[PDB]
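# the data below comprise the sequence and an experimental structure of the protein.
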Amino acid sequence: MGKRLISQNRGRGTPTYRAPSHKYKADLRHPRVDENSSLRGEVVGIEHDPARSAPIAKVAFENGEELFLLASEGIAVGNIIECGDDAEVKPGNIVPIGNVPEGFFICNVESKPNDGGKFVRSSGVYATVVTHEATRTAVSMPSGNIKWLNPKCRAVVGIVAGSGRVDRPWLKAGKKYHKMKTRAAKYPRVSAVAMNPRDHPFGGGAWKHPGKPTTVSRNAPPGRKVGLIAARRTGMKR
Amino acid sequence: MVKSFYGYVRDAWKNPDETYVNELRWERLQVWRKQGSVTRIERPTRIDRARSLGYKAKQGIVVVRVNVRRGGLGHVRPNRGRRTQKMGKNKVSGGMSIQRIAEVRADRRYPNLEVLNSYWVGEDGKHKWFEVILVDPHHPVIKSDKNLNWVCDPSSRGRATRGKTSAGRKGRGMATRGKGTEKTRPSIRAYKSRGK
Amino acid sequence: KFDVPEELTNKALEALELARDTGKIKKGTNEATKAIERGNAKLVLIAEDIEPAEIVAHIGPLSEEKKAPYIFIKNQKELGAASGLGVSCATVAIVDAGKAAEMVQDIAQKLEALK
RNA sequence: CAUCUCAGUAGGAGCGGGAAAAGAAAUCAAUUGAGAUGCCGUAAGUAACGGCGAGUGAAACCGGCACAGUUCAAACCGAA
RNA sequence: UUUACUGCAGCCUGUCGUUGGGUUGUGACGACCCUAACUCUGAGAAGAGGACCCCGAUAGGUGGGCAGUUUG
Ligand SMILES: [Mg+2]
Ligand SMILES: [Mg+2]
Ligand SMILES: [Mg+2]
Ligand SMILES: [Mg+2]
Ligand SMILES: [Mg+2]
Ligand SMILES: [Mg+2]
Ligand SMILES: [Mg+2]
Ligand SMILES: [Mg+2]
């Protein structure tokens, strides 16, 4: 049994591949609101979230539930946050996308109603509300897909704070090492051609090469699906 | 046909898909799925089946519903060298039937009783529910009961785990006699497990 | 089925009481089914709180095709008490009305009328 | 050497007593018989299985040790 | 190690079961609609999917991911 890949070790859940969950400030999600209910709240401070390398806003609501929130760009201290359908379409507000005008930017979008926010959460990403229909609504996601979402799926208006984070080159292996200390990722990573044949499909040989096509099928078993997984195409744009 | 009402219950449960038991099945499986693995009940779901199997309306007898997963003994692929006939395990269902599995789980949860019998009560895609009858061998009523006082003997403690119940004896190939039981009776272990 | 009037149910309960005082009554689903099959059921009272439902689910069509009128009582505690016992009784059968025969036959007439 | 054999062995999990399991035919026979079960001898390296290769492989009849037959569900009665 | 031999996991897909109700187009097949099982979310009100998916079994494929062997 040639040795299991790094993905199989990660899936097993060993301490090398586990996230340092105690380092993070708090799970980010929209506040729980009953149907046809609303709550107000004010920002008490902009903190730093190690899980995302972006700011998060500490919001104190009207029922006294101090809840960490994902910070859209421009949110400040002493700003009022509103939730519900009756909430005004304003930056930093949590509203359904069915009330948002088409062409606006939203983030922390919910896959389902009362979801807590799944899509559009990285530092600086945003979504565009494309079309409104009775049962649906189209949102142009940061990837580019025109995802169709429920009209009641909440989202905070504005782009996510911390835009431009990847503009700085890393410039040094220590800087990326210090980022990866607070991450779950393994750093540094050895190339598979440098491995022995027991460790990787691509390892071994008198000279560094895979010896087999790097585009692997989608029907490959675990421990074989490496390289270019199920590629539609390869190479730079000719 | 002056038939007891137990006969009418048995008639209703003979072909449960085309009786009133189908409506009760759709209304009952919702409650049954929410319950635990081993759930105690007031009265048996099929009273005639329990009475013919040995249930009596007296203290010291307990009836419990057990949920067991459907399918065979799910087994692990071996990680070491096998001779290609001992390497495949998807198409292998073990020698332990689901009725024996349910009886053993009922015996596990109820350590001070003994498993008397059990019977099929319902099923869906993922589960089979069995109602297992248990007896209290230290209650005084069962001690006085001459048709249940055999269970106080030392050889009766651990019936469902030594394969002595009716599903157990069926699983040990002792439902019949004569030809075919040359390697099962008196025990699977006696013939080096060649029978079964 | 049309829901029976509450006064008819009360009259059936008092008829069961008077039958217990004077005539013959078969209390229990087994004895009720035997009395229905044999052809003696002057009146059949059923409990609506049976669990499991298979205990008295056969009583309806059996009594209907055996020409014995049946009534549905709300639950079995007062059926058991009215039938002379301190426990439940999922059904009682009246086979000898005694001094309450006329009230039983009027109950049968009302049941067939609202049937 | 892969079916096979090694072998249901080695090992594992559960249960359990001075023994345990088995046990009173929906049996074995053959043209007509026997009459619970276990264990011993024999049937016999026979039937049967098998790259019909290597090997694996019974039971019944029969002769013995020992001898044991019964209790529920139900019909009918109805708290007896 | 592999386009050696024989297989086994994983994955893909038909059929049966789980699995219900009404509509059209055909002679049981395909699609459509519904909530009521079922699934997911929430502490729950409830919200979203929904007879699909998951799951049990079976049939075929892919399959050095893994196993046993051979390579006189
Ligand atoms: Mg390899
Ligand atoms: Mg358990
Ligand atoms: Mg014994
Ligand atoms: Mg012990
Ligand atoms: Mg026995
Ligand atoms: Mg052998
Ligand atoms: Mg190999
Ligand atoms: Mg070998």
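The structure has been received and is ready for your questions. Numbering: from 1, shown residues only, chains lettered A, B, ... in the order given. Ligands and ions are numbered 1, 2, ... in the order given.
# now the host helix or strand of residue B:134 - C-alpha only, PDB.
Secondary structure assignment for residue B:134, by DSSP states H and E: strand B:127-135. Extracted as PDB, the C-alpha positions of strand B:127-135 are listed here (Å, rounded to 0.1, in the frame of the first residue of the first chain):
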ATOM      1  CA  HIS B 127     -34.900   0.300   9.300                       C
ATOM      2  CA  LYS B 128     -36.600  -2.800  10.500                       C
ATOM      3  CA  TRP B 129     -38.600  -2.500  13.800                       C
ATOM      4  CA  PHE B 130     -38.900  -5.600  15.900                       C
ATOM      5  CA  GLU B 131     -40.900  -6.000  19.100                       C
ATOM      6  CA  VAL B 132     -39.000  -8.100  21.600                       C
ATOM      7  CA  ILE B 133     -40.600  -9.800  24.600                       C
ATOM      8  CA  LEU B 134     -38.500  -9.800  27.800                       C
ATOM      9  CA  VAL B 135     -39.200 -11.600  31.100                       C
END
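# show me what it is packed against.
helix B:47-53, strand B:61-69, helix B:98-109, strand B:114-123 (3 or more C-beta pairs under 8 Å, 6 or more residues apart in numbering or on different chains; DSSP states H and E). (C-beta placed from N, C-alpha, C; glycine too.)
# switch the ones you listed over to a markdown table; also include mean neighbour count and distance to ligand 1.
Shown next, in a markdown table, are the helices and strands packed on strand B:127-135 (neighbours: other C-beta atoms under 10 Å in any protein chain shown; distance: least, C-beta to the ion, whole Å):
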| stretch | mean neighbour count | distance to ligand 1 |
| --- | --- | --- |
| helix B:47-53 | 18 | 57 |
| strand B:61-69 | 20 | 36 |
| helix B:98-109 | 22 | 40 |
| strand B:114-123 | 22 | 44 |
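# can you redo the ones you listed as TSV with distance to residue C:17?
Formatted as TSV, the helices and strands packed on strand B:127-135 follow (distance: least, C-beta to C-beta, whole Å):
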stretch	distance to residue C:17
helix B:47-53	28
strand B:61-69	34
helix B:98-109	43
strand B:114-123	38
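# out of these, nearest to residue A:45?
Of all the helices and strands packed on strand B:127-135, strand B:61-69 sits nearest to residue A:45, with 50.8 Å by C-beta to C-beta.
# how far does the closest one sit from the chain's center?
9 Å (C-alpha atoms, centre = their mean, to the nearest Å).
# could you check the angle helix B:98-109 makes with it?
On the basis of axes from the mean of the first three to the mean of the last three C-alpha atoms, to 10 degrees, strand B:61-69 is oriented at 120 degrees to helix B:98-109.
# who are the packing partners of strand B:61-69?
Here strand B:61-69 touches strand B:38-40, helix B:98-109, strand B:114-123, strand B:127-135, going by 3+ C-beta pairs under 8 Å, 6+ apart.
# for residue A:177, list the residues it contacts.
A:187, A:188 (C-beta atoms under 8 Å, 6 or more residues apart in numbering or on different chains).
# let me fix that: residue A:58
A:43, A:44, A:45, A:46, A:47, A:66, A:68, A:69.
# pretty sure the second one is touching residue A:76, no?
The reference is to residue A:44. No. Between residue A:44 and residue A:76 there is no contact under C-beta atoms under 8 Å: 11.2 Å.
# ok, now how distant is residue B:20 from ligand 1?
According to C-beta to the ion, to the nearest Å, residue B:20 stands 61 Å off from ligand 1.
# how many other residues sit next to residue C:51?
11 (other C-beta atoms under 10 Å in any protein chain shown).
# helix, strand, or coil at it?
Recorded secondary structure, residue C:51: coil (DSSP: H, G, I helix; E, B strand; the rest coil).
# quick one, what contacts it?
Residue C:51 makes contact with B:42, B:43, according to C-beta under 8 Å, 6+ apart.
# cool, residue A:198 as well?
A:2, A:3.
# report whether stretch B:92-99 contacts RNA strand E.
Yes. Stretch B:92-99 is in contact with RNA strand E by C-beta under 7 Å from any atom of the strand, via residue B:93.
# and the nearest residue to residue C:114 once chain neighbours are set aside, how far from residue C:61?
Once flanking residues are discounted, residue C:114 sits nearest to residue C:2: 5.1 Å by C-beta to C-beta, 6 or more residues apart in numbering or on different chains. Computed with C-beta to C-beta, to the nearest Å, the distance linking residue C:2 and residue C:61 is 17 Å.
# higher neighbour count, those two?
Comparing residue C:2 with residue C:61 by neighbour count (other C-beta under 10 Å), the higher total belongs to residue C:61, at 11 against 8.
# got the helices and strands packed on strand B:61-69 as JSON lines, with distance to residue A:26 columns?
Output for the helices and strands packed on strand B:61-69, formatted as JSON lines (distance: least, C-beta to C-beta, whole Å):
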{"stretch": "strand B:38-40", "distance to residue A:26": "39"}
{"stretch": "helix B:98-109", "distance to residue A:26": "41"}
{"stretch": "strand B:114-123", "distance to residue A:26": "45"}
{"stretch": "strand B:127-135", "distance to residue A:26": "39"}
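# near RNA strand E, which residues of chain B show up?
Neighbours of RNA strand E within chain B, by C-beta under 7 Å from any atom of the strand: B:26, B:29-30, B:33, B:70-72, B:74, B:77, B:79-84, B:87-91, B:93, B:124-126.
# let's see that with 6 Å instead.
Listed as neighbours of RNA strand E in chain B under the rule C-beta under 6 Å from any atom of the strand: B:29-30, B:33, B:70-72, B:77, B:81-84, B:87-91, B:124-126.
# just the buried subset of those residues, please.
residue B:72 (16 or more other C-beta atoms under 10 Å in any protein chain shown).
# what are the buried residues along stretch C:94-109?
C:94, C:95, C:97, C:98, C:100, C:101, C:103, C:104, C:107, C:108.
# and that stretch, how far out from the chain's middle?
Remark: stretch C:94-109 is offset 11 Å from the chain centroid, using C-alpha atoms, centre = their mean.
# re the thing from before, closest to residue C:55 out of the helices and strands packed on strand B:127-135?
Smallest distance to residue C:55 across these (C-beta to C-beta): 6.7 Å, for helix B:47-53.
# contacts for the closest one next, please.
By C-beta under 8 Å, 6+ apart, helix B:47-53 touches B:6-7, B:9-10, B:13, B:44, B:55, B:63, B:116-119, B:131, B:133, B:166, C:52, C:54-55.
# of the residues you listed, buried ones?
For the contacts of helix B:47-53, a neighbour count by 16+ other C-beta under 10 Å gives the buried set as B:6, B:9-10, B:13, B:44, B:55, B:63, B:116-119, B:131, B:133, B:166, C:52, C:54-55.
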